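What follows is a short report on a single structure.
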Amino acid sequence: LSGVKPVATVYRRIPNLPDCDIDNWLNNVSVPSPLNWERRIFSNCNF
Amino acid sequence: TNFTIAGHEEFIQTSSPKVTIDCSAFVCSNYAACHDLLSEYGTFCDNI
Ligand SMILES: *[C@@H]1O[C@H](CO)[C@@H](O[C@@H]2O[C@H](CO)[C@@H](O)[C@H](O)[C@H]2NC(C)=O)[C@H](O)[C@H]1NC(C)=O
């Protein structure tokens, strides 16, 4: 006689790029004034 | 003038382990595209 594929999948992979860490810069103890509005460019990272 | 009786032994093969193979688990494990492409060959797995 005859001799199903469950949808449950486990996907694990080590990242190749570090984290962006945007929360650390937004929650900084130094808040710039609206005249300053400091800028930080984020690139080549995972978020 | 004087004799004795000696014994020997031998082995002759008679049987062999029975093997059963199917195409539903060797070529295409559980996929549908493989089964669709395997059926294109016709009755190639019905002779094995
Ligand atoms: C044939 O050979 C057998 C075995 O060598 C002889 O049997 C032996 O005989 C001697 C002498 O009587 C005994 O001391 C041994 O104990 C015997 N051994 C066994 C295993 O039986 C036998 O005597 C020989 N026959 C003749 C006619 O010479």
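By convention in this document, the chains of the structure tokens carry letters A, B, ... by their order, each chain's residues are numbered from 1, and ligands are numbered from 1 in the order they are shown.
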
Let me have all residues with an atom within 10 Å of ligand 1, counting only C-alpha atoms and all ligand atoms, laid out as a PyMOL selection string.
chain B and resi 1-4

Taking only C-alpha atoms into account, which residues of chain A are within 8 Å of chain B, as a PyMOL selection string?
chain A and resi 2-5

Nearby residues (only C-alpha atoms) at most 12 Å from residue A:16, same-chain spacing under 6 positions excluded, as an MDAnalysis selection string
chainID A and resid 44:46

Export of the given selection (C-alpha atoms) as a PDB file, in the first residue's frame:
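Final output, saved to result-v3.pdb:
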```
ATOM      1  CA  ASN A  44      24.759  47.998   7.327  1.00  0.00           C
ATOM      2  CA  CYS A  45      23.004  46.701  10.435  1.00  0.00           C
ATOM      3  CA  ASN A  46      20.002  44.643  11.519  1.00  0.00           C
TER       4      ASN A  46
END
```

Can you tell me, as JSON, numbers by chain, what residues are no more than 12 Å from residue A:17 when counting only C-alpha atoms, ignoring any on the same chain fewer than 2 positions away?
{"A": [13, 14, 15, 19, 20, 21, 43, 44, 45, 46, 47]}

Based on the selection just made, write N, CA, C and O atoms of those residues as a compact mmCIF listing (two decimals), in the first residue's frame.
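The result, written out as selection.txt:
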```txt
# COMPACT_ATOMS: atom_id res chain seq x y z
N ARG A 13 19.53 30.99 12.16
CA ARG A 13 20.70 31.38 11.39
C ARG A 13 21.46 32.45 12.15
O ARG A 13 20.85 33.36 12.72
N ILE A 14 22.78 32.34 12.17
CA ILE A 14 23.62 33.32 12.86
C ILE A 14 23.71 34.57 11.99
O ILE A 14 24.06 34.47 10.81
N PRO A 15 23.41 35.75 12.53
CA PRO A 15 23.47 36.97 11.72
C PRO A 15 24.90 37.32 11.34
O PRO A 15 25.85 37.05 12.07
N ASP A 19 23.70 44.52 15.37
CA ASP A 19 22.43 45.21 15.56
C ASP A 19 22.62 46.72 15.38
O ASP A 19 23.70 47.26 15.61
N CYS A 20 21.54 47.39 14.97
CA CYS A 20 21.61 48.83 14.75
C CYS A 20 21.70 49.60 16.06
O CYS A 20 22.33 50.66 16.11
N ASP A 21 21.07 49.09 17.12
CA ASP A 21 21.06 49.74 18.43
C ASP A 21 20.50 51.16 18.34
O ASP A 21 21.11 52.13 18.81
N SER A 43 23.53 52.40 8.91
CA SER A 43 23.70 51.64 7.68
C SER A 43 24.44 50.35 7.99
O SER A 43 25.27 50.30 8.90
N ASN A 44 24.13 49.31 7.21
CA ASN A 44 24.76 48.00 7.33
C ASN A 44 24.59 47.44 8.74
O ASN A 44 25.56 47.19 9.46
N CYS A 45 23.33 47.24 9.12
CA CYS A 45 23.00 46.70 10.43
C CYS A 45 21.62 46.07 10.37
O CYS A 45 20.87 46.26 9.40
N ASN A 46 21.29 45.32 11.41
CA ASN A 46 20.00 44.64 11.52
C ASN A 46 19.19 45.27 12.65
O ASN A 46 19.74 45.60 13.70
N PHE A 47 17.89 45.42 12.42
CA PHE A 47 17.00 46.04 13.39
C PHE A 47 15.68 45.29 13.44
O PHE A 47 15.34 44.54 12.52
```

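Across the structure, atom CA of residue B:43 and atom CA of residue B:18 are spaced 23.1 Å apart.
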
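Interatomic distance, atom CA of residue A:11 against atom CA of residue B:37: 28.7 Å.
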
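Atom CA of residue A:42 is positioned 15.9 Å from atom CA of residue A:28.
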
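The residues of chain B that DSSP assigns to alpha helix (DSSP H) on this backbone come out as residues 23, 24, 25, 26, 32, 33, 34, 35, 36, 37 and 38 of chain B.
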
Please produce a file of the residues just selected, as a compact mmCIF listing (two decimals), in the first residue's frame, where the atoms kept are N, CA and C atoms.
```txt
# COMPACT_ATOMS: atom_id res chain seq x y z
N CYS B 23 9.59 3.13 -5.23
CA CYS B 23 9.92 4.45 -5.75
C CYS B 23 9.27 5.58 -4.96
N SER B 24 8.21 5.29 -4.20
CA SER B 24 7.52 6.33 -3.45
C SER B 24 8.31 6.83 -2.24
N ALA B 25 9.46 6.23 -1.94
CA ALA B 25 10.28 6.66 -0.82
C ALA B 25 11.75 6.83 -1.15
N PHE B 26 12.23 6.29 -2.27
CA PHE B 26 13.64 6.38 -2.65
C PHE B 26 13.92 7.55 -3.57
N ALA B 32 5.50 16.67 -4.29
CA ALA B 32 4.52 16.51 -5.35
C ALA B 32 5.09 16.78 -6.73
N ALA B 33 5.98 17.77 -6.87
CA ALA B 33 6.58 18.04 -8.17
C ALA B 33 7.43 16.87 -8.64
N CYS B 34 8.15 16.23 -7.71
CA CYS B 34 8.93 15.05 -8.06
C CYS B 34 8.03 13.92 -8.54
N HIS B 35 6.89 13.73 -7.87
CA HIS B 35 5.94 12.70 -8.30
C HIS B 35 5.36 13.03 -9.67
N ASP B 36 5.10 14.31 -9.94
CA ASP B 36 4.58 14.71 -11.24
C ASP B 36 5.61 14.48 -12.34
N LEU B 37 6.88 14.71 -12.04
CA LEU B 37 7.93 14.46 -13.03
C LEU B 37 8.28 12.99 -13.12
N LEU B 38 8.11 12.23 -12.04
CA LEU B 38 8.40 10.80 -12.08
C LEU B 38 7.36 10.06 -12.92
```
